[PDB]
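First come two forms of one protein chain, each written alone as structure tokens, so that there is a structure 1 and a structure 2.
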Structure 1
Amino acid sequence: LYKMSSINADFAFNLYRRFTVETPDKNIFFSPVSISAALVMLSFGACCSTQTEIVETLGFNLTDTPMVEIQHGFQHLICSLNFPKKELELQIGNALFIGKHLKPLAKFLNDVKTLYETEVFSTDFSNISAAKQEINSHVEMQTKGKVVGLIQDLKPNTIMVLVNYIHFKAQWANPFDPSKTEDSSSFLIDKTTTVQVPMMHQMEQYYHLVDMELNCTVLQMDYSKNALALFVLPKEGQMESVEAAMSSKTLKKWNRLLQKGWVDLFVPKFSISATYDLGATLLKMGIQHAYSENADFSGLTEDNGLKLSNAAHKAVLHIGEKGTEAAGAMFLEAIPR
């Protein structure tokens, strides 16, 4: 419901915080919905503690939201996100690359295809090089060329890869005039160091606030339809404290407090990318049995013949005068159990 949105948001912020620990004072950029979607999809085929660990790690309490409701919730979410929207490109889909010799349950396959935007491909993982290339170029195509080389290394014993992809392209409700963009303006990257970036500039009415508790400025920039960007600008030295406070509760607070008024606004034009090896992180967060010799994916294949081995994510962002283009992909790799 809006219950799910609250849970998924808090998962995003907790995972975000894990990243600030693994790569401190560095660019962070990921798609929470992509990561959550891949794991939920994996959970559809899992049983018992293997299944429950995955959803609990995603933030859910199975007393509050039974397994079945979580499944239906995520199927509804991905359907809604993919629903045609004028002036907005947003697609999120998944692909299952199944080994030639695996015995996937027709139930699992029919379910993910009908209910979870899944394309299924029979894959010859005995040519591990060609398989890696096939999967990479499919993710590349589905992300409109924006996510290149998702998979760097694929284990020779790989017998299944689950991939989720997201592509987003939208125009600002109020685009910037490139004739007002300063070619070269300073951006502070640490206390004593600046980099030069093009700085877009406009004066318009925007929803905004100063959080008096957190000492950050929050700025909402709408896209032309069904979407928005939130920029959170901490006071000097206050990034750590703002990061600690990010939560669904904090977003709900801001939603009430944001007020539309005139702002003389300067936003950088830039592109960034980020990659994450997620195997160890997901284990630490509580996904354990999925990796073990006693992994229970009895809902996926006839012979419960696999276990999770690797996971990784790549995401890219561009912001310019016209709008924003962002893409991401998540993969989970399985080997014989």
Structure 2
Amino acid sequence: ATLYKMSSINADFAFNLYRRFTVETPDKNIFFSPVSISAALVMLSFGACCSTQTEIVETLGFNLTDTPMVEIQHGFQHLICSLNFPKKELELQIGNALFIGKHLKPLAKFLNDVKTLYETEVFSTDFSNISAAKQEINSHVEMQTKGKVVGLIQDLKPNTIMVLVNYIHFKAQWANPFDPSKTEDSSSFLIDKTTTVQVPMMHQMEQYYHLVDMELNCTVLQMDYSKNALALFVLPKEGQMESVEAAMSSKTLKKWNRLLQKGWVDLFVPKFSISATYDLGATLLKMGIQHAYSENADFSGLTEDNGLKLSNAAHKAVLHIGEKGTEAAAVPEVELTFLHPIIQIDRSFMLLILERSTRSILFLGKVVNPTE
């Protein structure tokens, strides 16, 4: 039940956070894992008390009258268990960790609870050595992501006390892989009104769920992975990116779920990779997480020691889109005449990667320029 309520709330948080990012960095690539951020902040909240705690979950979009705190905590336990369960043909792990200055001692019950509930690991770190601390954090993340997310954290100020990190590991195959013999190099991709970049353009004629949204002035194309997950490509009409961004919400996803229809599409999709790195504090504080960052932070559920507060919450997300899926691997031959409409993704678009069993947003972003 809680898992069901969480989907809409987590999606609205995703889009609200996305909009915060557009105002921090206008007209630049955006790419992050909403569900991983949500889960990490619920974990952090598990060690917080009073307003420090309620600020976090309310900023995530929850109403404590509707979903009591313990229900949220257990709903996210169930979510992580579900997403991270081993599945054939899909690797999916969301995860997080805390790095805490060595002078502060976490409560053993907290450590054991968050490992059990959320798979979280917690490390004692000497933040007086900034380069060493960054390497420790980044090595942890690189190992947890089987090497895919490298250099997640880039900046730490002196007097760092606690760092939250969150990440996602994702490996998947398209239900309908592209034939690499049809991939065209150096196709033109508009990164703004007048500027083009050259990108390889994959090409497949197949049946896809898609729609033309007359209200929001965009075309939506659904491409399934072979297990659990799917991609939505959101292609705004000329000059309509801003109106699309403003409209994205859990209500919009519900509308599209109903209106998507299947048919033949002569489809052209760029082959590319995207990444982005964030220090989330700026946005999260604006969105309402204040006490956790202050000298009055109440982390009594985390430690009996005085002086614990959040210093930084860091996140990096990366994804490849290629002929097979997420991996640069061969497409076996076995796995591959009326006039059909063309959808050509040759200009800036929004991208969602969704997980079906839990209705989580694994990745959300805007591809302004696919050639980083």
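Residue positions are counted from 1 along structure 1's sequence. Between two forms, the rigid core is defined as the largest C-alpha subset superposing within 1.5 Å.
With the rigid core aligned between the two structures, the listed residues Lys252, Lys180, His76, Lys155 include just one Cα displaced by at least 2 Å, namely that of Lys155. With a cut-off of 2 Å and the rigid core superposed, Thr193 has a Cα displacement that falls short of the cut-off between the two structures.
Remark: with the core as the superposition reference, the CA shift of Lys169 between the two structures stays below 2 Å.
Superposition on the rigid core between the two structures places the CA atom of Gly93 2 Å or more away from its counterpart.
Comparison between the two structures places the CA of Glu204 0.2 angstrom away from its other position, after core fitting.
Aligning the rigid core leaves the CA of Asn110 displaced by 1.8 Å between the two structures. When the rigid core is fitted, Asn304 shows a C-alpha shift of 4.6 Å between the two structures.
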